[PDB]
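Numbering (full-length UniProt numbering), first residue to last: 40 to 277. Backbone N, C-alpha and C define an ideal beta-carbon position, used for all residues, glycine too.
Here it is as structure tokens:
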């Protein structure tokens, strides 16, 4: 039965304490990997007082997150701080911001309707007058149309609720791909704004959260799916 199959698959990820999940389903990104793509584009989005989430940096002082995060700023952008590459130090007592942080200049709250849970934030430069583009490389957008059921990918972001310090790689398995993206995978609420990266390094989607599946008693993860229409429409800001 479809329900049992779902329950069973979902328990691969939620049946055990997250710390007992295998590294290949859920693992801390290491400081070496964070120097690289796809990892370096990803970063912790903070909204002072309100929320902690993820964002992917897409170029030229500009970062995408969920609309459900950004809105919380209430068109007051200096509540929003981005921190790319952020990770615990070796002991795991402290924190490293390898390229510091940024404060928001202004919010483009849900540019493609409240239909799509996405927002674009533009940050100012840092205290040195550097801009995110200077210090890290932009994530590389691509269509999701090539993904399909049973395929796997990498969700990458900051699972705050599990671990406030590090970026994690969550391996995900697609259940369907035509209208949005829906997948098995360990995520927590901080993963709002995590990035779906395919076997070629391409930013093809943006994790939103969880949604009812089969019935009200079950759920699955879903993301904004990326098509050429939105790729173009996004690249009109950067």
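Considering only C-alpha positions, which residue in the set the options is nearest to residue i?
| i | options | result |
| --- | --- | --- |
| residue 56 | 201, 170, 112 and 156 | 201 |
| residue 106 | 97, 117 and 93 | 93 |
| residue 193 | 244, 216, 135 and 48 | 244 |
| residue 273 | 218, 190 and 155 | 155 |
| residue 42 | 196, 253 and 275 | 253 |
| residue 205 | 64, 45, 49 and 81 | 81 |
| residue 139 | 166, 276, 48 and 91 | 166 |
| residue 61 | 71, 50 and 108 | 50 |
| residue 66 | 268, 95 and 224 | 224 |
Which term fits residue i, buried or exposed, when burial requires 16 or more other beta carbons within 10 angstroms of its beta carbon?
| i | result |
| --- | --- |
| residue 141 | buried |
| residue 158 | buried |
| residue 221 | buried |
| residue 84 | buried |
| residue 125 | buried |
| residue 271 | exposed |
| residue 59 | exposed |
| residue 196 | buried |
Over the uninterrupted alpha helix (DSSP H) stretch that includes residue i, give me the two end residues.
| i | result |
| --- | --- |
| residue 174 | 171 to 174 |
| residue 254 | First-last for residue 254: 254 to 264, but that is the beta strand (DSSP E), not the alpha helix (DSSP H). |
| residue 50 | 41 to 53 |
| residue 109 | 106 to 109 |
| residue 73 | 70 to 73 |
Provide the residue span of the beta strand (DSSP E) that contains residue i, from first to last.
| i | result |
| --- | --- |
| residue 221 | 220 to 223 |
| residue 192 | 191 to 196 |
| residue 214 | 207 to 215 |
| residue 274 | Segment 267 to 274 is the alpha helix (DSSP H) holding residue 274; no beta strand (DSSP E) there. |
| residue 119 | 119 to 123 |
| residue 145 | 141 to 147 |
| residue 158 | 158 to 162 |
| residue 168 | First-last for residue 168: undefined, no H or E at that position. |
| residue 136 | Note, residue 136: premise wrong, no beta strand (DSSP E); not H, not E. |
| query | Three or more C-beta pairs closer than 8 Å, one from the stretch 173 to 191 and one from the stretch 238 to 252: is that the case here? | reply | yes
| request: Would you be able to state if there are at least three C-beta pairs under 8 Å between the stretch 170 to 178 and the stretch 210 to 227? | output: no
| query | For the 8 Å Cβ check, are there 3 or more pairs between the stretch 151 to 169 and the stretch 110 to 127? | reply | yes
| query | Does the stretch 246 to 253 come close enough to the stretch 261 to 275 to have 3 or more Cβ pairs within less than 8 Å? | reply | yes
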